[PDB]
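>>> Below: the sequence, then the experimentally determined structure.
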Amino acid sequence: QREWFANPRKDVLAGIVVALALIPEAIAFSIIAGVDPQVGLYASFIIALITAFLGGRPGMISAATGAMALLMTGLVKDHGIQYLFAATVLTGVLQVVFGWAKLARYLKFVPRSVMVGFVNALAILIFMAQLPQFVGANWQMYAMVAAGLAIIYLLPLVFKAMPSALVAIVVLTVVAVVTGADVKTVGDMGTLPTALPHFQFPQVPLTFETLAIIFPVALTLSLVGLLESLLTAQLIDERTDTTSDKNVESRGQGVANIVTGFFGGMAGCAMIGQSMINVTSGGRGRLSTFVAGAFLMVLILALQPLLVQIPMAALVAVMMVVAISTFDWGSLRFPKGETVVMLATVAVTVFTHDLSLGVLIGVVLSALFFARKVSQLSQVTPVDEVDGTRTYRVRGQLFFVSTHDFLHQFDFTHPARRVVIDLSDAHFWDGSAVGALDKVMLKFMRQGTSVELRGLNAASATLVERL
Amino acid sequence: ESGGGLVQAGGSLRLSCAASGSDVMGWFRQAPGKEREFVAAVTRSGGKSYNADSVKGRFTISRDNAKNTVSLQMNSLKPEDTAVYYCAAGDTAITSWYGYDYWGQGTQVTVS
Ligand SMILES: CCCCCCCCCCO[C@@H]1O[C@H](CO)[C@@H](O[C@H]2O[C@H](CO)[C@@H](O)[C@H](O)[C@H]2O)[C@H](O)[C@H]1O
Ligand SMILES: CCCCCCCCCCO[C@@H]1O[C@H](CO)[C@@H](O[C@H]2O[C@H](CO)[C@@H](O)[C@H](O)[C@H]2O)[C@H](O)[C@H]1O
């Protein structure tokens, strides 16, 4: 069976620490996803519990992260905070399906460009989510968020193994309460937990038409969650030693999200930062995560009236630094295509404020580049008419085409009089196809050889630029 | 750009484009309300490029000896040639579409 209770003294303590670090995360992420803090705190609690009992890698905190929230933020403003519940249930179902089929090993196939793009987009979206707290601006907001960043970045060089964010929140709370500062408090953005999570059957979604609208977000949530769980797992593996079955971990994740959805909760996955803070502080048991969730619930129930008094500047500061911690990568001075994928995801997510779309275009772009690495999909065939005129029959789909490969398939050795270019069986899906053909024709014309284009409009009609 | 006017059933018309402002010069035609279409393009070297879909071997492009002039001879016009003919002077690139450095507002060409 191999089930233990080793090192309770350190596991409990670690769980306490990461719980104190867990409260503001869940509250904030709840606000970011346009929902009550209650949902996030509940999520963190129940997920931590179920993962503590059914998780694969002990000492790994699974609660509520932005990686999940920013994928539901669009579902909640279009259908509600409850289509969210359905989506979390279905998400968990997809995860236990993924674990039952034993498919974790395939997570390696996921392009690094897509992932790093997801991270960047995520972080800058966090930072952008902190902006609507500045549109209605009192200078107390600015002063307390600036002093927040200040105390978070300048205090820990003097202090010890206790969070500077803890001191930030406590101090700013005490100040805001005593001085009676005029600023938005957390209790305004949503209701905070006052009791235990009750069994809430998603009474709000309805069968099929619901399925057709929650399936995509459940898919993306599931995949992102399993990726996060995988990498977090492996990092805990490297930090210590284990033969953790990532399939069992995925299953536990699934069940957790399922019952979470059935108890009015958000969607959750593994948390890198808090898992690291945990293992660093001595947490390596399941009791660590259990005590994390439990002490989280107990403490949020204990400090509730004090909790709702916490100024939004503190939490917006904490989010402001968590964003910074998340974004910064290797901004390389490398494969152009992969960079294209990352920047595509980033820019699209930034412009649309939809992380799911960035993920989507990342997937399809990676798929296209893959098809370009693995197959042909287009070939030219030089044919001679009795006139002695070279006619190049371009057949197939042309997207992201390389100009070099296109030029190499044409003969420029002997400048003929006239050359026919047949596009009757071709399809241009990108402006690069155009550009390539242009380089060819420009080369021929510069060489003194005239070009006759055939069956053209059909090929240039498949252009994506036609929207 | 100059040469717009009215044409009959099998009539003809030459279109001289002047650049008042340099490898290659082009000509496109825009059907009213419909997607733009390529007509022809000619380089300094002497190489031509036609659109055998819109130009069924009827039209004839040539560059004048003058530095800022390109002529497009148009014969055997038909109801579907009725369009606005734009002259482009983009150089060293995009011989075929989407334009480059210079464009010129097009004139109307109507057949009957
Ligand atoms: C001829 C024989 C040759 C012997 C060669 C040397 C043998 C070393 C193999 C290490 O295998 C370990 O076995 C542990 C249990 O079987 C696993 O749980 C270990 O790791 C978990 C987390 O670190 C802890 O909770 C467990 O208590 C701890 O036993 C651990 O995953 C695994 O790596
Ligand atoms: C269908 C395809 C979908 C593709 C989606 C890809 C999702 C998997 C990416 C996981 O990568 C991890 O994500 C974390 C955040 O999600 C990062 O922690 C970040 O956030 C922590 C705290 O929030 C900080 O401590 C870290 O420094 C910071 O890197 C972490 O570094 C990164 O390795």
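That came through, no problem. Numbers count the residues shown, from 1 in each chain, chains lettered A, B, ... in the order given. Ligands and ions are numbered 1, 2, ... in the order given.
>>> show me the contacts for residue B:97.
Contacts for residue B:97 (Cβ atoms under 8 Å, 6 or more residues apart in numbering or on different chains) come out as A:434, A:438, A:460, B:28, B:38. (Each C-beta comes from the backbone N, C-alpha and C, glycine too.)
>>> Of those residues, which belong to strands?
B:28, B:38 (DSSP state E).
>>> and which of the contacts of residue B:97 is nearest ligand 1?
residue A:434 (56.4 Å; Cβ to the nearest ligand atom).
>>> hang on, the earlier thing: so can I have TSV of the contacts of residue B:97 showing distance to ligand 2 and neighbour count?
Below are the contacts of residue B:97 laid out as TSV (distance: Cβ to the nearest ligand atom, whole Å; neighbours: other Cβ atoms under 10 Å in any protein chain shown):
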residue	distance to ligand 2	neighbour count
A:434	31	20
A:438	35	20
A:460	33	22
B:28	42	23
B:38	40	22
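>>> can you list the contacts of residue B:97 in a markdown table and add distance to residue A:372?
Listed next are the contacts of residue B:97 as a markdown table, based on distance: Cβ to Cβ, whole Å:
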| residue | distance to residue A:372 |
| --- | --- |
| A:434 | 17 |
| A:438 | 20 |
| A:460 | 20 |
| B:28 | 31 |
| B:38 | 27 |
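>>> how far away is residue A:313 from residue A:82?
30 Å (Cβ to Cβ, to the nearest Å).
>>> between the two, which one's more packed in?
residue A:313 (28 against 19; other Cβ atoms under 10 Å in any protein chain shown).
>>> What helix or strand is that one located in?
Element membership for residue A:313 (DSSP states H and E) is helix A:312-327.
>>> contact partners of that helix?
Residues from elsewhere that reach helix A:312-327, judged by Cβ under 8 Å, 6+ apart: A:24-25, A:27-28, A:31-32, A:66, A:119-120, A:122-124, A:126-127, A:129-130, A:133, A:140-141, A:144-145, A:148-149, A:152-153, A:165, A:168-169, A:172-173, A:176, A:183-186, A:189, A:273.
>>> Enumerate the positions of that helix that are buried.
In terms of neighbour count (16 or more other Cβ atoms under 10 Å in any protein chain shown), helix A:312-327 has its buried residues at A:312-323, A:326-327.
>>> How about the secondary structure of residue A:108?
Assigned with DSSP: H, G, I helix; E, B strand; the rest coil, residue A:108 falls in the helix class.
>>> For it, the count of nearby residues, please.
7.
>>> Distance check, it against residue B:67.
In terms of Cβ to Cβ, residue A:108 sits 61 Å off from residue B:67.
>>> Can you dump the C-alpha atoms of the helix holding residue A:313 in PDB for me?
Taking Å, rounded to 0.1, in the frame of the first residue of the first chain, the C-alpha atoms of helix A:312-327 are listed here in PDB:
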ATOM      1  CA  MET A 312      -7.100  46.100  -2.600                       C
ATOM      2  CA  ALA A 313      -3.800  47.800  -2.900                       C
ATOM      3  CA  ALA A 314      -2.000  45.100  -1.000                       C
ATOM      4  CA  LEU A 315      -3.400  42.300  -3.100                       C
ATOM      5  CA  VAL A 316      -2.900  44.200  -6.300                       C
ATOM      6  CA  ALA A 317       0.700  44.600  -5.200                       C
ATOM      7  CA  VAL A 318       1.000  40.800  -4.500                       C
ATOM      8  CA  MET A 319      -0.500  40.100  -7.900                       C
ATOM      9  CA  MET A 320       1.800  42.800  -9.400                       C
ATOM     10  CA  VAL A 321       4.900  40.900  -8.200                       C
ATOM     11  CA  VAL A 322       3.500  37.400  -9.000                       C
ATOM     12  CA  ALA A 323       3.100  38.600 -12.600                       C
ATOM     13  CA  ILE A 324       6.700  39.800 -12.700                       C
ATOM     14  CA  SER A 325       7.900  36.500 -11.200                       C
ATOM     15  CA  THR A 326       5.900  34.600 -13.900                       C
ATOM     16  CA  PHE A 327       6.800  36.500 -17.100                       C
END
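>>> In contact with the nearest residue to residue A:77 once chain neighbours are set aside: list those residues for me.
In space, residue A:77 comes closest to residue A:34 once its chain neighbours are excluded; the distance is 5.7 Å by Cβ to Cβ, 6 or more residues apart in numbering or on different chains. Contacts of residue A:34 were listed using Cβ under 8 Å, 6+ apart, and they are A:73, A:76, A:77, A:81.
>>> any idea how far residue A:34 lies from residue A:128?
14 Å.
>>> And for residue A:452?
52 Å.
>>> Neighbour count: those two, which is higher?
A side-by-side neighbour count of residue A:452 and residue A:128, using other Cβ under 10 Å, places residue A:452 first with 18 against 14.
>>> beta partners for that one?
On the basis of DSSP bridges, residue A:452 is bridged to residue A:420, residue B:50.
>>> Excluding residues flanking it in the chain, which one is nearest whichever residue of chain B sits closest to ligand 2?
Residue nearest to ligand 2 within chain B: residue B:98 (33.4 Å; Cβ to the nearest ligand atom). Once flanking residues are discounted, residue B:98 sits nearest to residue A:434: 6.6 Å by Cβ to Cβ, 6+ apart.
>>> Could I get the contacting residues of the one you found?
A:428, A:460, A:463, B:96, B:97, B:98.
>>> Leaving out sequence neighbours, find the closest residue to the most centrally placed residue in chain B.
Per Cα atoms, centre = their mean, the C-alpha nearest to the average position across chain B is that of residue B:27, at 2.9 Å. Of all residues not flanking residue B:27 in the chain, residue B:39 sits nearest, at 4.4 Å (Cβ to Cβ, 6+ apart).
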